[PDB]
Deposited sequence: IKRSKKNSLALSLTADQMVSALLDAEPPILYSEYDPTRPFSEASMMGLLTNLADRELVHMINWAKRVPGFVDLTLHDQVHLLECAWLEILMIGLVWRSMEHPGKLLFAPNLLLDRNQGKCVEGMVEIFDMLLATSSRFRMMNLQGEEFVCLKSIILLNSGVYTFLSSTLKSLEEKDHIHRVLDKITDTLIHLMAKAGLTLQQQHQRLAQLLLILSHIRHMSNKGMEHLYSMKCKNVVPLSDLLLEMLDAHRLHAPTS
C-alpha cells in the first residue's frame, strides 16, 4: 500500500504526520544550572518521544513492519530524529539552537553543561548547512523518514529498501519541480544524504554522553531510560 503512493501523495502524507513544536518548561527567572538545563532538555525529549512514536506509525511502510522491528528502528534512530528536528527549526536562527520557542540558546549558554559546546557547534554547523542549501520542508520530512527507516536496517529487509527507494524518488521529484537540472538534482540529493552521516555522528556522541551521566545518576524518565539501554 505504501508502494502504491505517488510522489505527491508521499509528500502530503509525511507533512500531515508532522509532530508539533513543543515548549520547554524553561523558567526565565530560575537561574541556570547544568542539572536544570539537561533536565529541561530531558523533559522536552521525553514529551517529543511520544509524538515521534505516533509520527512513526504514519510514515508509509513503517506499520507494515514487525512490531519488534519497529521497536528496533526507533531505539536506533530516536536521537537522530530529535536532532534533525532541532536543526531544522533552528535554520532561521543563525548562531542559535531553538530547542523550543521559549528555549533559544547560543553556544555560550551551551557551556553551562560541561563539554556540550562540541555537539553544540556541530548542530549549528548542520543548521547553517541547511540554511545555505535552503532546505525545504518537503525535503526535511523526507530526510527524517529516511533516518527512521535507514539507521537500524543493518529477513524481509527489501520492503524497507523498497520504501527508501520510493522516498528517493520523492526527493528527486521535488527537485525537478523546483527547476533543478539533472546534474543539480543528483548533487543536491547527495548533499542531503551526506548530512545524515553527520547526524549519525552527532547522535552517537550524544548517546555516549547520555549513557555516562545515567551512571552519574545526577532525572531520566522511564521511556528515555529504556531508549538509552538499547545502545548499551
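- Positions of the deposited sequence absent from the coordinates, in order: 1-8, 163-172, 237, 252-257.
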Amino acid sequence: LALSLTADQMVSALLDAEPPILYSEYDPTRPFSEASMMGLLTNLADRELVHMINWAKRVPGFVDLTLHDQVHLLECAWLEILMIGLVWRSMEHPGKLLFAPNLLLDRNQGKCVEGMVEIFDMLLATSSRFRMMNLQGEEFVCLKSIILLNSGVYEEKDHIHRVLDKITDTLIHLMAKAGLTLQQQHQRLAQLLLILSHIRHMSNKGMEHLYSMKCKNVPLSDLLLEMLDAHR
From here on, numbers count along this sequence of modelled residues.
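- Coverage remark for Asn217: absent from the model in at least one third of the other entries compared whose chains are built on both sides.
- Note: missing coordinates for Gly137 occur in none of the other compared entries bracketing this position, so the one-third threshold is not reached.
- Look at the C-alpha B-factors of 206-214 and of 16-24. On average they run higher in 206-214.
- Stretches 106-114 and 80-88 differ in mean CA B factor, with 106-114 having the higher one.
- In this entry, the residue among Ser145, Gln136, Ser127, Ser151 with the greatest C-alpha B factor is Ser151.
- Sorting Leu196, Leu67, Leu189, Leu40 by the CA temperature factor given in the entry leaves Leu67 at the top.
- Among all modelled residues in its chain, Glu48 ranks in the lowest third by Cα B-factor.
- For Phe62, the recorded CA B-factor ranks within the middle third of the chain. Only modelled residues enter the ranking.
- Ranked within its chain, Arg30 lands in the highest third, by CA B factor from the PDB record.
- Remark: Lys177 belongs to the highest third of its chain, ranked by C-alpha B-factor as recorded.
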